[PDB]
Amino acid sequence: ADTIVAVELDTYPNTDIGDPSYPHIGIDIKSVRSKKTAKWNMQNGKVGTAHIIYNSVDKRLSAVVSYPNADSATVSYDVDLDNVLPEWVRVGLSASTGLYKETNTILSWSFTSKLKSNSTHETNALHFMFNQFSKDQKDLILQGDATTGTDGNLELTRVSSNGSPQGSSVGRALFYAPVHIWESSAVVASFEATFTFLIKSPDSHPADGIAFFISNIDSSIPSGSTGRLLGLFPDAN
């Protein structure tokens, strides 16, 4: 199977697989069962922003999620990503719906990684920022139901013409270029990611959520990963 590190914005409490009984943000290291969670006061139909940060010195993966005019939610987990992920990875966004549904609309997404070596000319860096997604967005690998270019957004899961989110949908978008997250002369490696999302559901119980993830470069949507598994994991182990 793939190797996954993810920050999940989990809109549906599956308490049977260890979610808390509320929408939450979580850090997922090789399992959908988050290593750490925090309560998230998800706002149906509002545009939210998630920020994810990490560096190889502190070895702490942290995320903050917020909406305008509201208090944020934050979660952190100590993990050495060099011990979890391969040296080259892809980074992406995933979302899913199941029997419950919601739009999983991404309005912007940015990412920066930096590897600073001990050579005085120190830095290798990659940065991208999408504030509009085009119908044929060649620097993204879209998987599953993900589409780009509808109102200039990235729709990770299926939405009908009329704006209605569909159930049992899964979709991901990965940045085209592999990302180097370790180098042998690196003295500091860091990354940050930000994305803005609009999750709306005609229903009181939206599902299932959106994740920012980092994976093996050849990562693909696991069989049966609609719903609670967020398009990230083959099972709930």
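Heads up: residue numbers just count along the shown sequence, starting at 1.
Notably, residue 121 is an intermittent gap: at least a third of the other compared entries of this protein, restricted to those modelling both its neighbours, have no coordinates for it.
With 56-64 and 176-184 compared on mean CA B-factor from the PDB entry, the stretch scoring higher is 176-184.
The mean Cα B-factor in the deposited entry runs higher for 197-205 than for the other of 197-205 and 65-73. Across the residues 155, 82, 139, 78, the deposited record lists the maximum Cα B factor for 82. Among 108, 162, 147, 96, the highest C-alpha B-factor in the deposited entry belongs to 162. Annotation for residue 25: CA B-factor lies in the middle third of the chain's modelled residues. Among all modelled residues in this chain, the alpha-carbon of residue 223 has a temperature factor (C-alpha) in the highest third.
Residue 117: CA B factor in the middle third of modelled residues in this chain (values from the PDB entry). Looking at the C-alpha B-factors along this chain, the one for residue 135 belongs to the highest third. When the CA B factors of the chain's modelled residues are split into thirds, the value for residue 42 lands in the highest one.
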